Structure formats: structure tokens, C-alpha cells
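A.B. asks: Here it is, the structure, as C-alpha cells.
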Amino acid sequence: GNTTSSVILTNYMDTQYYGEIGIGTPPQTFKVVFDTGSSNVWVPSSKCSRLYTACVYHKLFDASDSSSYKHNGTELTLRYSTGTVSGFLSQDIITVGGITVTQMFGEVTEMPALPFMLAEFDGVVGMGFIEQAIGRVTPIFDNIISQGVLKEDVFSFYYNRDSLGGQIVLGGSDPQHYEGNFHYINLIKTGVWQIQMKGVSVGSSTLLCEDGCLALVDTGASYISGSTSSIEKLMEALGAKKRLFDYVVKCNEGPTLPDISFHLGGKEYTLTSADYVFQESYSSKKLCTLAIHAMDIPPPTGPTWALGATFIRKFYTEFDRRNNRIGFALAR
Ligand SMILES: COCCCCn1c(C(=O)N(CC(C)C)[C@@H]2CNC[C@H](C(=O)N3CCOCC3)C2)nc2ccccc21
Ligand SMILES: *[C@@H]1O[C@H](CO)[C@@H](O)[C@H](O)[C@H]1NC(C)=O
């Protein structure tokens with residue numbers, strides 16, 4: 001086709017970027033993360049027991065208020081690295097950036113308070129491949145492609161550093177939010193937004209991923225992550241202290257921290273301390289969190305690094321389904 005369309009995103013505290021979709025007739029609105037690290041659509045269900053407090057606080061899809069609903073009822077569980085939701089499949093019309101698509105999605109009936117009470121978003125729109133889709137449910141971008149409306153089989157992510165929170169372009173990219181040329185890196189394989197990485201360096205020292213490793217480009221993740229052993233080494237190099245869920249440095253040390261570079265497609269993608277430290281103070285008596293942590297992702301996807309919002313804030317990212325590649329450009 002000829003259409004480009006966009007979804008405007010909100011940036012909650014540089015950690016959660018979400019847009020709004022409509023589901024049903026008339027449209028029920030949900031806040032959703034657009035997640036290249038997964039392939040299912042879900043939102044919380046009116047069938048969710050209210051003993052799940054996360055279903056009390058989030059927007060619930062009520063099938064009984066939608067005239068375009070089509071029951072399916074197959075039960076599915078989506079296991080994320082951060083937690084699990086379960087429920088059942090339904091079909092309805094989803095509106096996303098003014099594109100209406102008939103989509104099979106999860107109605108979540110089991111939604112654990114940890115972590116989902118910490119989600120500003122209600123649900124997830126998986127932007128990954130059908131190969132990753134639980135229940136082999138056709139992902140929404142595949143269904144959008146099938147309509148022949150988009151000028152290209154691509155979508156692009158801008159995540160703002162100011163917390164316009166962000167923008168996803170369906171069918172292209174937005175030159176207003178990047179500059180210079182795209183650097184295009186081929187996927188290891190179709191089915192996952194994962195590329196080869198050939199080094200993680202602290203300063204001039206390539207102390208990790210020397211023999212090569214994987215990098216998942218995960219728009220649904222807040223941080224940069226790697227395996228526990230990888231991240232422990234990295235954090236030992238930075239002089240960072242491990243806590244339960246994050247690593248920290250004394251805030252005064254934040255600006256002294258070295259650059260971290262990811263060797264992707266023959267180039268060094270470099271984050272400075274400003275890109276990865278939540279510099280909330282300059283006090284030697286406060287602790288400042290790093291936007292880098294351990295996520296152990298089991299095979300076949302992992303072990304793998306994952307380049308989340310921390311990375312994407314700096315690097316405008318085009319996801320190219322036509323050519324099975326990811327393009328990076330400098331975000332502005
Ligand atoms: C950039 O803005 C969105 C940041 C959301 C970060 N966040 C995650 C989170 O990081 N994820 C899930 C979620 C999308 C459901 C990621 C999304 N990408 C897929 C990964 C994942 O499960 N894997 C395992 C399989 O391989 C790919 C990475 C989980 N869980 C959360 C719970 C409460 C609050 C915030 C949470
Ligand atoms: C749910 O979807 C599957 C796959 O399309 C289909 O075979 C099945 O019959 C559906 N079930 C119901 C109850 O509609």
C-alpha cells in the first residue's frame with residue numbers, strides 16, 4: 001500500500017514506554033507496551049478474579065461490551081522473564097494507530113501483583129515473529145501486513161529521553177526522530193529480533209562477549225540486560241554494588257563511569273554514563289541505579305543480551321520484516 005501510521009507513546013520515568021490501542025466495538029482503550037521481545041497480544045480481562053489486585057488497578061477488556069467479539073477460549077500462559085500472565089484467547093477488532101485489524105489476543109485472567117502492580121501499562125502488543133507466538137497465534141504486525149496498507153513491511157521505534165514520550169511508525173520510519181544513515185544488521189535467523197554481538201567493552205577493554213554472543217533488540221524491556229555471569233563481570237568492572245533487583249553506584253561516581261560499547265554489525269554502539277546511569281543526585285551518600293541488570297533467558301532464545309529502552313533511547317531502531325534486519329540510526 002501507501003500508508004504509514006504512527007502510535008504516540010508515553011514515557012513513564014524512562015522505564016516504561018507505552019501507547020494506546022482500542023479493542024472491540026465500541027473501542028475499549030488500553031495502554032500497551034509494543035514489545036519486539038514477544039509475539040502475543042494481551043490485555044487484562046473482565047474475567048480476571050479481583051483477588052488479582054493488578055486487575056483491580058488496570059483496565060479490563062469486557063467482551064460482553066463488544067459487539068465485534070468472537071469467542072475462542074483456548075487457555076494460554078505467557079511466561080516472560082519478569083513474570084507470567086495467563087488467561088484465554090479471544091478475537092476482536094483492534095485499532096492501532098488508526099489501522100483496524102481483526103486480531104486474536106489474550107484475555108488475561110491471572111495477573112500477579114508482582115510485577116504487574118508496577119506496570120503503568122495494561123497489556124502488551126508483541127511485535128515479534130509468529131515463530132515466538134504462544135499458541136502460534138498470528139501476531140498483529142503480520143495481520144497488518146496481510147491487509148496490504150503499509151508502504152513497507154517495517155516498523156520503527158523512537159523512545160524519547162524526556163519523561164512526546166515516543167513514537168512507533170508502522171510502515172516506515174520518521175526522519176524527524178533520527179539523523180544520519182541507518183546501519184542495517186541482519187538477524188541471526190528469522191523468528192526473533194536477535195542479532196550477533198561480537199564484544200561488550202568497558203572503556204577500551206573488550207572484557208565480555210569476546211567469542212561472540214547474542215543480542216535481542218527488545219523494545220519491551222526497560223534496560224540493557226545480559227546473563228547473571230556476564231552482568232556480574234560488567235558490574236565488577238564498573239565498581240557497582242549488586243542489590244536485589246538492580247545495580248547501583250554512589251551517585252557522585254556516576255559521571256566517572258566509563259563508556260560501555262556493544263560491537264554490533266562491525267560497529268561500536270557506545271553508551272556513556274549519561275545514557276545508563278539514573279543520575280538522580282551527585283551525593284556520595286545516595287545510590288544511583290544503573291539501567292543495566294541481569295536477565296537470564298533460557299534457550300533457545302538465550303543466554304542472550306537484550307538491548308532495551310536504555311539502548312533504543314540513543315539508537316532509533318527500524319525493524320525490517322521484508323529483509324530480516326534491524327536498522328539503527330542516531331536518535332534525536
Ligand atoms: C519499554 O517500556 C516497557 C518496559 C516494560 C518492562 N517490564 C517487563 C519486561 O521487561 N518485559 C515484559 C513486559 C512487556 C510485560 C519484557 C518484554 N520483552 C520480552 C521479555 C521476555 O520475556 N523475554 C524472554 C524471551 O526472550 C525475549 C526476552 C520481557 N516486565 C514488566 C513488568 C512490570 C513492569 C514493567 C515490566
Ligand atoms: C480457537 O482457535 C483455534 C485455532 O484457530 C480453532 O481451531 C478452535 O476451533 C477455536 N476454538 C473455538 C472454541 O472457537
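Identifiers in the C-alpha cells: chain A, B, ... in order shown; residue index from 1 per chain; ligand index from 1 in order shown.
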Compute the set of protein, DNA and RNA residues whose minimum atom distance to ligand 2 is at most 10 Å, using only C-alpha atoms and all ligand atoms, and state it as a list in words.
C.D. replies: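 Here is the list of contacting residues: residues 70, 71, 72, 73, 74, 75, 88, 89, 90, 91, 104, 135, 136, 137 and 138 of chain A.
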A.B. asks: Please produce, as JSON lines, a per-residue contact table for chain A versus ligand 1 (criterion: any atom at most 7 Å away, only C-alpha atoms and all ligand atoms considered), showing the nearest atom pair and its distance in Å to one decimal, sorted by chain then residue number.
C.D. replies:
```
{"residue": "A:15", "atom": "CA", "partner": "ligand 1", "partner_atom_place_in_ligand_line": "4 (C)", "distance": 5.6}
{"residue": "A:16", "atom": "CA", "partner": "ligand 1", "partner_atom_place_in_ligand_line": "2 (O)", "distance": 3.4}
{"residue": "A:17", "atom": "CA", "partner": "ligand 1", "partner_atom_place_in_ligand_line": "2 (O)", "distance": 3.8}
{"residue": "A:18", "atom": "CA", "partner": "ligand 1", "partner_atom_place_in_ligand_line": "2 (O)", "distance": 6.1}
{"residue": "A:33", "atom": "CA", "partner": "ligand 1", "partner_atom_place_in_ligand_line": "3 (C)", "distance": 5.4}
{"residue": "A:35", "atom": "CA", "partner": "ligand 1", "partner_atom_place_in_ligand_line": "18 (N)", "distance": 5.4}
{"residue": "A:36", "atom": "CA", "partner": "ligand 1", "partner_atom_place_in_ligand_line": "18 (N)", "distance": 6.5}
{"residue": "A:37", "atom": "CA", "partner": "ligand 1", "partner_atom_place_in_ligand_line": "19 (C)", "distance": 3.9}
{"residue": "A:38", "atom": "CA", "partner": "ligand 1", "partner_atom_place_in_ligand_line": "19 (C)", "distance": 5.0}
{"residue": "A:79", "atom": "CA", "partner": "ligand 1", "partner_atom_place_in_ligand_line": "22 (O)", "distance": 6.5}
{"residue": "A:80", "atom": "CA", "partner": "ligand 1", "partner_atom_place_in_ligand_line": "22 (O)", "distance": 3.2}
{"residue": "A:81", "atom": "CA", "partner": "ligand 1", "partner_atom_place_in_ligand_line": "22 (O)", "distance": 3.9}
{"residue": "A:82", "atom": "CA", "partner": "ligand 1", "partner_atom_place_in_ligand_line": "30 (N)", "distance": 4.9}
{"residue": "A:83", "atom": "CA", "partner": "ligand 1", "partner_atom_place_in_ligand_line": "30 (N)", "distance": 6.7}
{"residue": "A:115", "atom": "CA", "partner": "ligand 1", "partner_atom_place_in_ligand_line": "33 (C)", "distance": 4.6}
{"residue": "A:116", "atom": "CA", "partner": "ligand 1", "partner_atom_place_in_ligand_line": "33 (C)", "distance": 4.7}
{"residue": "A:118", "atom": "CA", "partner": "ligand 1", "partner_atom_place_in_ligand_line": "34 (C)", "distance": 4.9}
{"residue": "A:119", "atom": "CA", "partner": "ligand 1", "partner_atom_place_in_ligand_line": "34 (C)", "distance": 3.9}
{"residue": "A:123", "atom": "CA", "partner": "ligand 1", "partner_atom_place_in_ligand_line": "15 (C)", "distance": 6.9}
{"residue": "A:124", "atom": "CA", "partner": "ligand 1", "partner_atom_place_in_ligand_line": "14 (C)", "distance": 5.8}
{"residue": "A:216", "atom": "CA", "partner": "ligand 1", "partner_atom_place_in_ligand_line": "27 (C)", "distance": 6.9}
{"residue": "A:218", "atom": "CA", "partner": "ligand 1", "partner_atom_place_in_ligand_line": "18 (N)", "distance": 5.5}
{"residue": "A:219", "atom": "CA", "partner": "ligand 1", "partner_atom_place_in_ligand_line": "1 (C)", "distance": 5.4}
{"residue": "A:220", "atom": "CA", "partner": "ligand 1", "partner_atom_place_in_ligand_line": "17 (C)", "distance": 3.9}
{"residue": "A:221", "atom": "CA", "partner": "ligand 1", "partner_atom_place_in_ligand_line": "10 (O)", "distance": 3.8}
{"residue": "A:222", "atom": "CA", "partner": "ligand 1", "partner_atom_place_in_ligand_line": "4 (C)", "distance": 4.4}
{"residue": "A:297", "atom": "CA", "partner": "ligand 1", "partner_atom_place_in_ligand_line": "24 (C)", "distance": 5.7}
{"residue": "A:301", "atom": "CA", "partner": "ligand 1", "partner_atom_place_in_ligand_line": "26 (O)", "distance": 5.5}
{"residue": "A:302", "atom": "CA", "partner": "ligand 1", "partner_atom_place_in_ligand_line": "26 (O)", "distance": 7.0}
{"residue": "A:308", "atom": "CA", "partner": "ligand 1", "partner_atom_place_in_ligand_line": "1 (C)", "distance": 6.6}
{"residue": "A:309", "atom": "CA", "partner": "ligand 1", "partner_atom_place_in_ligand_line": "1 (C)", "distance": 5.2}
```
A.B. asks: Near residue 206 (chain A), counting only C-alpha atoms, which residues have an atom at most 12 Å away, once you skip same-chain residues fewer than 2 positions from it, shown as a PDB file with N, CA, C and O atoms, in the first residue's frame?
C.D. replies:
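This is the output file selection_18.pdb:
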```
ATOM      1  N   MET A 197      26.333 -10.231  18.382  1.00  0.00           N
ATOM      2  CA  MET A 197      27.178  -9.238  19.011  1.00  0.00           C
ATOM      3  C   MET A 197      28.573  -9.837  19.138  1.00  0.00           C
ATOM      4  O   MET A 197      28.717 -11.035  19.372  1.00  0.00           O
ATOM      5  N   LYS A 198      29.599  -9.020  18.941  1.00  0.00           N
ATOM      6  CA  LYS A 198      30.979  -9.516  18.934  1.00  0.00           C
ATOM      7  C   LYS A 198      31.843  -8.735  19.902  1.00  0.00           C
ATOM      8  O   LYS A 198      32.979  -8.412  19.597  1.00  0.00           O
ATOM      9  N   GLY A 199      31.308  -8.437  21.082  1.00  0.00           N
ATOM     10  CA  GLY A 199      32.073  -7.712  22.084  1.00  0.00           C
ATOM     11  C   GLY A 199      31.245  -6.740  22.880  1.00  0.00           C
ATOM     12  O   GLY A 199      30.417  -6.002  22.328  1.00  0.00           O
ATOM     13  N   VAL A 200      31.455  -6.766  24.191  1.00  0.00           N
ATOM     14  CA  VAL A 200      30.963  -5.742  25.087  1.00  0.00           C
ATOM     15  C   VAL A 200      32.198  -5.201  25.783  1.00  0.00           C
ATOM     16  O   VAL A 200      32.933  -5.949  26.446  1.00  0.00           O
ATOM     17  N   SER A 201      32.437  -3.904  25.586  1.00  0.00           N
ATOM     18  CA  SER A 201      33.622  -3.241  26.088  1.00  0.00           C
ATOM     19  C   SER A 201      33.262  -2.228  27.146  1.00  0.00           C
ATOM     20  O   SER A 201      32.244  -1.552  27.041  1.00  0.00           O
ATOM     21  N   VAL A 202      34.112  -2.157  28.164  1.00  0.00           N
ATOM     22  CA  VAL A 202      34.137  -1.092  29.151  1.00  0.00           C
ATOM     23  C   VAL A 202      35.384  -0.263  28.861  1.00  0.00           C
ATOM     24  O   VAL A 202      36.503  -0.783  28.918  1.00  0.00           O
ATOM     25  N   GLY A 203      35.198   1.016  28.549  1.00  0.00           N
ATOM     26  CA  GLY A 203      36.284   1.836  28.007  1.00  0.00           C
ATOM     27  C   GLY A 203      36.826   1.219  26.723  1.00  0.00           C
ATOM     28  O   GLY A 203      36.057   0.881  25.819  1.00  0.00           O
ATOM     29  N   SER A 204      38.143   1.037  26.665  1.00  0.00           N
ATOM     30  CA  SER A 204      38.814   0.403  25.521  1.00  0.00           C
ATOM     31  C   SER A 204      39.006  -1.118  25.680  1.00  0.00           C
ATOM     32  O   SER A 204      39.607  -1.753  24.812  1.00  0.00           O
ATOM     33  N   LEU A 208      33.948  -8.664  27.658  1.00  0.00           N
ATOM     34  CA  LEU A 208      32.822  -9.591  27.515  1.00  0.00           C
ATOM     35  C   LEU A 208      32.488  -9.871  26.066  1.00  0.00           C
ATOM     36  O   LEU A 208      32.817  -9.078  25.182  1.00  0.00           O
ATOM     37  N   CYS A 209      31.843 -11.018  25.844  1.00  0.00           N
ATOM     38  CA  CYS A 209      31.368 -11.430  24.527  1.00  0.00           C
ATOM     39  C   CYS A 209      32.502 -11.481  23.493  1.00  0.00           C
ATOM     40  O   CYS A 209      32.309 -11.165  22.316  1.00  0.00           O
ATOM     41  N   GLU A 210      33.677 -11.916  23.941  1.00  0.00           N
ATOM     42  CA  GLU A 210      34.872 -11.936  23.106  1.00  0.00           C
ATOM     43  C   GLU A 210      34.711 -12.928  21.956  1.00  0.00           C
ATOM     44  O   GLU A 210      35.115 -12.643  20.832  1.00  0.00           O
ATOM     45  N   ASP A 211      34.087 -14.071  22.238  1.00  0.00           N
ATOM     46  CA  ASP A 211      33.865 -15.120  21.227  1.00  0.00           C
ATOM     47  C   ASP A 211      32.559 -14.937  20.449  1.00  0.00           C
ATOM     48  O   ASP A 211      32.198 -15.783  19.634  1.00  0.00           O
ATOM     49  N   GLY A 212      31.852 -13.840  20.695  1.00  0.00           N
ATOM     50  CA  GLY A 212      30.551 -13.624  20.107  1.00  0.00           C
ATOM     51  C   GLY A 212      29.463 -14.040  21.073  1.00  0.00           C
ATOM     52  O   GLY A 212      29.666 -14.864  21.968  1.00  0.00           O
ATOM     53  N   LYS A 233      30.341  -9.641  35.898  1.00  0.00           N
ATOM     54  CA  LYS A 233      31.660  -9.237  35.404  1.00  0.00           C
ATOM     55  C   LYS A 233      31.657  -7.760  35.001  1.00  0.00           C
ATOM     56  O   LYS A 233      32.516  -6.996  35.416  1.00  0.00           O
ATOM     57  N   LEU A 234      30.668  -7.373  34.205  1.00  0.00           N
ATOM     58  CA  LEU A 234      30.499  -5.984  33.794  1.00  0.00           C
ATOM     59  C   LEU A 234      30.442  -5.048  35.001  1.00  0.00           C
ATOM     60  O   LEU A 234      31.106  -4.023  35.024  1.00  0.00           O
ATOM     61  N   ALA A 237      33.649  -4.619  36.809  1.00  0.00           N
ATOM     62  CA  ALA A 237      34.458  -3.661  36.058  1.00  0.00           C
ATOM     63  C   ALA A 237      34.058  -2.204  36.330  1.00  0.00           C
ATOM     64  O   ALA A 237      34.933  -1.336  36.417  1.00  0.00           O
ATOM     65  N   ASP A 259      32.564   4.474  29.365  1.00  0.00           N
ATOM     66  CA  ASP A 259      31.661   4.122  28.280  1.00  0.00           C
ATOM     67  C   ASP A 259      31.551   2.612  28.191  1.00  0.00           C
ATOM     68  O   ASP A 259      32.518   1.892  28.457  1.00  0.00           O
ATOM     69  N   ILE A 260      30.369   2.157  27.807  1.00  0.00           N
ATOM     70  CA  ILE A 260      30.120   0.774  27.536  1.00  0.00           C
ATOM     71  C   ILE A 260      29.744   0.677  26.070  1.00  0.00           C
ATOM     72  O   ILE A 260      28.824   1.356  25.618  1.00  0.00           O
ATOM     73  N   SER A 261      30.449  -0.174  25.331  1.00  0.00           N
ATOM     74  CA  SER A 261      30.217  -0.326  23.902  1.00  0.00           C
ATOM     75  C   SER A 261      29.805  -1.728  23.549  1.00  0.00           C
ATOM     76  O   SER A 261      30.365  -2.695  24.075  1.00  0.00           O
ATOM     77  N   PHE A 262      28.862  -1.818  22.617  1.00  0.00           N
ATOM     78  CA  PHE A 262      28.339  -3.066  22.117  1.00  0.00           C
ATOM     79  C   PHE A 262      28.749  -3.157  20.655  1.00  0.00           C
ATOM     80  O   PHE A 262      28.402  -2.288  19.851  1.00  0.00           O
ATOM     81  N   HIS A 263      29.518  -4.189  20.325  1.00  0.00           N
ATOM     82  CA  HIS A 263      30.034  -4.359  18.979  1.00  0.00           C
ATOM     83  C   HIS A 263      29.002  -5.102  18.139  1.00  0.00           C
ATOM     84  O   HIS A 263      28.890  -6.329  18.217  1.00  0.00           O
ATOM     85  N   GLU A 268      30.813  -0.057  16.863  1.00  0.00           N
ATOM     86  CA  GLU A 268      30.826   0.097  18.302  1.00  0.00           C
ATOM     87  C   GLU A 268      29.640   1.015  18.671  1.00  0.00           C
ATOM     88  O   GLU A 268      29.651   2.209  18.366  1.00  0.00           O
TER      89      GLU A 268
END
```
A.B. asks: Identify, with DSSP run on backbone atoms, the residues in region 46-119 of chain A assigned to strand (DSSP E or B), and express the list as a PyMOL selection string.
C.D. replies: chain A and resi 61+70-80+83-96+99-110
A.B. asks: With N, CA, C and O atoms retained, write the just-selected residues as a short mmCIF file (atom, residue, chain, number, x, y, z; two decimals), in the first residue's frame.
C.D. replies:
```cif
data_model
loop_
_atom_site.label_atom_id
_atom_site.label_comp_id
_atom_site.auth_asym_id
_atom_site.auth_seq_id
_atom_site.Cartn_x
_atom_site.Cartn_y
_atom_site.Cartn_z
N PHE A 61 -10.52 -5.66 29.64
CA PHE A 61 -11.35 -5.87 28.46
C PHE A 61 -12.59 -6.64 28.82
O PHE A 61 -12.50 -7.75 29.34
N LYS A 70 -15.40 -12.22 19.11
CA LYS A 70 -15.55 -13.60 18.71
C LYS A 70 -14.82 -14.47 19.73
O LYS A 70 -13.60 -14.35 19.90
N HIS A 71 -15.60 -15.30 20.42
CA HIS A 71 -15.10 -16.20 21.44
C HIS A 71 -14.13 -17.22 20.85
O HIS A 71 -14.36 -17.73 19.76
N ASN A 72 -13.07 -17.52 21.58
CA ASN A 72 -12.30 -18.72 21.31
C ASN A 72 -12.14 -19.55 22.58
O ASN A 72 -12.56 -20.69 22.61
N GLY A 73 -11.52 -19.00 23.61
CA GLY A 73 -11.47 -19.66 24.91
C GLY A 73 -10.34 -20.65 25.13
O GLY A 73 -10.29 -21.25 26.20
N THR A 74 -9.44 -20.81 24.17
CA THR A 74 -8.24 -21.63 24.37
C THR A 74 -7.40 -20.97 25.45
O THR A 74 -7.13 -19.76 25.39
N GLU A 75 -6.99 -21.76 26.44
CA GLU A 75 -6.20 -21.23 27.56
C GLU A 75 -4.75 -21.12 27.14
O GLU A 75 -4.22 -22.03 26.52
N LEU A 76 -4.11 -20.00 27.45
CA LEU A 76 -2.67 -19.88 27.24
C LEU A 76 -1.98 -19.10 28.35
O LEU A 76 -2.57 -18.23 28.99
N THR A 77 -0.72 -19.46 28.56
CA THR A 77 0.12 -18.83 29.55
C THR A 77 1.30 -18.22 28.82
O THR A 77 1.92 -18.88 27.97
N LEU A 78 1.59 -16.96 29.13
CA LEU A 78 2.73 -16.24 28.58
C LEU A 78 3.74 -16.05 29.71
O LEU A 78 3.47 -15.34 30.68
N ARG A 79 4.87 -16.73 29.58
CA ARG A 79 5.95 -16.65 30.54
C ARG A 79 6.98 -15.66 30.03
O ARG A 79 7.72 -15.93 29.10
N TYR A 80 7.00 -14.49 30.65
CA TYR A 80 8.04 -13.52 30.41
C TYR A 80 9.16 -13.75 31.40
O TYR A 80 8.99 -14.43 32.41
N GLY A 83 7.94 -12.30 34.76
CA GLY A 83 6.66 -12.71 35.31
C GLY A 83 5.77 -13.35 34.27
O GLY A 83 6.12 -13.43 33.09
N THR A 84 4.61 -13.79 34.72
CA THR A 84 3.75 -14.64 33.93
C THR A 84 2.34 -14.10 33.97
O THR A 84 1.88 -13.65 35.00
N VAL A 85 1.67 -14.15 32.83
CA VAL A 85 0.23 -13.95 32.78
C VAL A 85 -0.41 -15.16 32.14
O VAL A 85 0.20 -15.85 31.33
N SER A 86 -1.63 -15.43 32.55
CA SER A 86 -2.39 -16.50 31.96
C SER A 86 -3.82 -16.04 31.76
O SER A 86 -4.30 -15.13 32.44
N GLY A 87 -4.48 -16.71 30.83
CA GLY A 87 -5.86 -16.46 30.51
C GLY A 87 -6.25 -17.27 29.30
O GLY A 87 -5.86 -18.44 29.17
N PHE A 88 -7.01 -16.67 28.41
CA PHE A 88 -7.58 -17.40 27.29
C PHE A 88 -7.64 -16.52 26.07
O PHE A 88 -7.56 -15.30 26.18
N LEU A 89 -7.80 -17.16 24.91
CA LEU A 89 -7.79 -16.44 23.64
C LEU A 89 -9.17 -15.94 23.26
O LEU A 89 -10.18 -16.61 23.47
N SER A 90 -9.17 -14.75 22.70
CA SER A 90 -10.35 -14.14 22.12
C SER A 90 -9.96 -13.46 20.82
O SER A 90 -8.77 -13.27 20.54
N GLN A 91 -10.96 -13.13 20.03
CA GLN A 91 -10.76 -12.36 18.84
C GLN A 91 -11.66 -11.13 18.86
O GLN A 91 -12.82 -11.18 19.26
N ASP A 92 -11.09 -10.01 18.44
CA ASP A 92 -11.85 -8.80 18.25
C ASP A 92 -11.11 -7.87 17.30
O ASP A 92 -10.01 -8.18 16.83
N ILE A 93 -11.74 -6.75 17.00
CA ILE A 93 -11.12 -5.70 16.22
C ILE A 93 -10.20 -4.87 17.12
O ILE A 93 -10.61 -4.40 18.19
N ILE A 94 -8.95 -4.72 16.70
CA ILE A 94 -8.01 -3.87 17.41
C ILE A 94 -7.68 -2.68 16.53
O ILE A 94 -7.39 -2.85 15.35
N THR A 95 -7.77 -1.49 17.11
CA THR A 95 -7.36 -0.27 16.47
C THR A 95 -6.00 0.10 17.04
O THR A 95 -5.83 0.20 18.26
N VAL A 96 -5.03 0.28 16.14
CA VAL A 96 -3.67 0.66 16.49
C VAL A 96 -3.17 1.66 15.46
O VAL A 96 -3.09 1.35 14.28
N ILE A 99 -5.23 2.03 12.27
CA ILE A 99 -5.34 0.81 11.48
C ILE A 99 -6.23 -0.13 12.29
O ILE A 99 -5.95 -0.37 13.47
N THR A 100 -7.30 -0.63 11.68
CA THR A 100 -8.14 -1.63 12.34
C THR A 100 -7.80 -3.00 11.79
O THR A 100 -7.73 -3.19 10.58
N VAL A 101 -7.58 -3.95 12.68
CA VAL A 101 -7.21 -5.31 12.32
C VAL A 101 -7.99 -6.29 13.20
O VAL A 101 -8.15 -6.06 14.40
N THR A 102 -8.46 -7.39 12.61
CA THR A 102 -9.07 -8.47 13.38
C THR A 102 -7.94 -9.31 13.94
O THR A 102 -7.14 -9.86 13.20
N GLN A 103 -7.86 -9.37 15.26
CA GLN A 103 -6.70 -9.91 15.94
C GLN A 103 -7.13 -10.89 17.02
O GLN A 103 -8.04 -10.59 17.80
N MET A 104 -6.43 -12.02 17.08
CA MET A 104 -6.55 -12.91 18.20
C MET A 104 -5.59 -12.46 19.30
O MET A 104 -4.40 -12.19 19.05
N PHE A 105 -6.11 -12.34 20.52
CA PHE A 105 -5.35 -11.82 21.64
C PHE A 105 -5.74 -12.55 22.91
O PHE A 105 -6.78 -13.22 22.97
N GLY A 106 -4.90 -12.39 23.92
CA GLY A 106 -5.12 -12.98 25.23
C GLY A 106 -5.94 -12.07 26.11
O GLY A 106 -5.65 -10.88 26.22
N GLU A 107 -6.98 -12.63 26.69
CA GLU A 107 -7.69 -12.04 27.80
C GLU A 107 -7.06 -12.61 29.08
O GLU A 107 -7.26 -13.78 29.41
N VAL A 108 -6.30 -11.78 29.79
CA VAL A 108 -5.55 -12.24 30.97
C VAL A 108 -6.46 -12.29 32.19
O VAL A 108 -7.10 -11.29 32.57
N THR A 109 -6.55 -13.49 32.76
CA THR A 109 -7.36 -13.72 33.95
C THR A 109 -6.51 -13.95 35.21
O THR A 109 -7.03 -14.02 36.30
N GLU A 110 -5.21 -14.11 35.03
CA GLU A 110 -4.29 -14.33 36.14
C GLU A 110 -3.11 -13.43 35.87
O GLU A 110 -2.37 -13.61 34.90
#
```
A.B. asks: If you run DSSP on this backbone, which residues of region 101-203 of chain A come out as alpha helix (DSSP H), and could you give them as a VMD selection string?
C.D. replies: chain A and resid 113 to 116 140 to 146
A.B. asks: Check the smallest atom-to-atom distance from each of A:227, A:324, A:163, A:4 to residue 188 (chain A) using only C-alpha atoms, then report the winner.
C.D. replies: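 Comparing A:227, A:324, A:163, A:4 against residue 188 (chain A), the winner is A:324.
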A.B. asks: What's the separation between CA of residue 278 (chain A) and CA of residue 254 (chain A), in Å to one decimal place?
C.D. replies: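 Straight-line distance from CA of residue 278 (chain A) to CA of residue 254 (chain A) works out to 8.4 Å.
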A.B. asks: Could you tell me how far CA of residue 11 (chain A) lies from CA of residue 159 (chain A), in Å and to one decimal?
C.D. replies: 7.5 Å
A.B. asks: Could you state the separation of CA of residue 170 (chain A) and CA of residue 150 (chain A) in Å, given to one decimal place?
C.D. replies: 7.1 Å
